[PDB]
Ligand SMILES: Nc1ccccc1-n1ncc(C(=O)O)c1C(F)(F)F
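Here's a solo chain for you in structure tokens, the form deposited without the named molecule.
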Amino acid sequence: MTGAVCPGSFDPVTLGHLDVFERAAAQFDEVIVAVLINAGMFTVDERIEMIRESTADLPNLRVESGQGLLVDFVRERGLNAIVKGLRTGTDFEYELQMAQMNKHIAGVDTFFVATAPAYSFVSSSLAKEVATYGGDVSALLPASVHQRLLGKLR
């Protein structure tokens, strides 16, 4: 009965995120991708759809939106583990601070995993920025996502 939550804004989801989803799904019985909501490029439903489309091959993963404390999202689903990816540019010190806080207030563990080197320099923000000015990020995003991103720009 093992399980972990993979949280983020995923605006949009990248291959970096997808790599981490796949590893979490390979090592825990149950994975929930938690889509944080609050004003980015994609609506929550769009972000959820894009993740669902890219994770179709992952039978034990589902996608849900949430707000408020992440630890509440995790605990309300009977779990107490978070899996978070590391990339180039990750504010790791802040992630550690949040991990220790989350353990303190709710007994939830956080496991960090480095994304694959090939996907280590992509972030949602940098991909949007580059694509905005016409750079090719098609190798860095799921095929579906890439087409829909081009859609919001053009």
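Start at 1 with the first residue shown and count on from there. Here, rigid core means the biggest group of C-alpha atoms that superpose within 1.5 Å across both forms. Shifts are known only where both forms have a C-alpha.
S.K.: Zero if continuous, otherwise a range: how many residues of the deposited sequence are missing coordinates between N38 and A39 (none, 1 to 3, 4 to 9, 10 or more)?
M.R.: Going from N38 to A39, the model skips 1 to 3 residues of the deposited sequence.
S.K.: Can you tell me which stretch has the higher mean Cα B-factor, 18-26 or 137-145?
M.R.: It is 137-145 that shows the higher mean C-alpha B-factor.
S.K.: Tell me which of 50-58 and 82-90 has the higher mean C-alpha B-factor in the deposited entry.
M.R.: So the stretch with the higher mean C-alpha B-factor is 50-58.
S.K.: Go through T43, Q97, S120, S124 one by one and give the residue whose Cα B-factor in the PDB entry is largest.
M.R.: In this record, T43 carries the highest C-alpha B-factor of the candidates.
S.K.: Where does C6 sit by CA temperature factor within its chain: lowest, middle or highest third?
M.R.: CA B-factor rank for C6: lowest third.
S.K.: Would you check the entry's CA temperature factor for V33 and let me know if it's in the chain's lowest, middle or highest third?
M.R.: For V33, the deposited C-alpha B-factor lands in the middle third.
S.K.: Within this chain's modelled residues, let me know which third the CA B factor of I105 belongs to: lowest, middle or highest.
M.R.: Middle third by C-alpha B-factor.
S.K.: Determine, from the deposited record, the chain-internal third of the Cα B-factor for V113: lowest, middle or highest.
M.R.: As the PDB entry reports it, the C-alpha B-factor of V113 lands in the lowest third of its chain.
This next part talks about the form deposited with the named molecule bound, which is not shown.
S.K.: Can you tell me if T55 lies within 4.5 angstroms of the named molecule in the deposited complex, counting non-hydrogen atoms only?
M.R.: No, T55 stays farther than 4.5 Å from the named molecule in the deposited complex.
S.K.: Classify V122 as contacting or not contacting the named molecule in the deposited complex by the rule of any non-hydrogen atom within 4.5 angstroms, answering yes or no.
M.R.: Contact with the named molecule, yes.
S.K.: Tell me whether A4, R75 and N80, taken together, all sit within 4.5 Å of the named molecule in the deposited complex, counting heavy atoms only.
M.R.: No, none of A4, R75 and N80 comes within 4.5 Å of the named molecule in the deposited complex.
S.K.: What are the residues of 98-118, in order along the chain, with a heavy atom within 4.5 Å of the named molecule in the deposited complex?
M.R.: Only a single residue, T115, comes within 4.5 Å of the partner.
S.K.: Only counting residues present in both forms, give the runs of 3 or more in a row whose C-alpha shift is 2 Å or more between this form and the one not shown, core aligned.
M.R.: Once the cores are aligned, run 87-92 is the only one whose C-alphas move by at least 2 Å.
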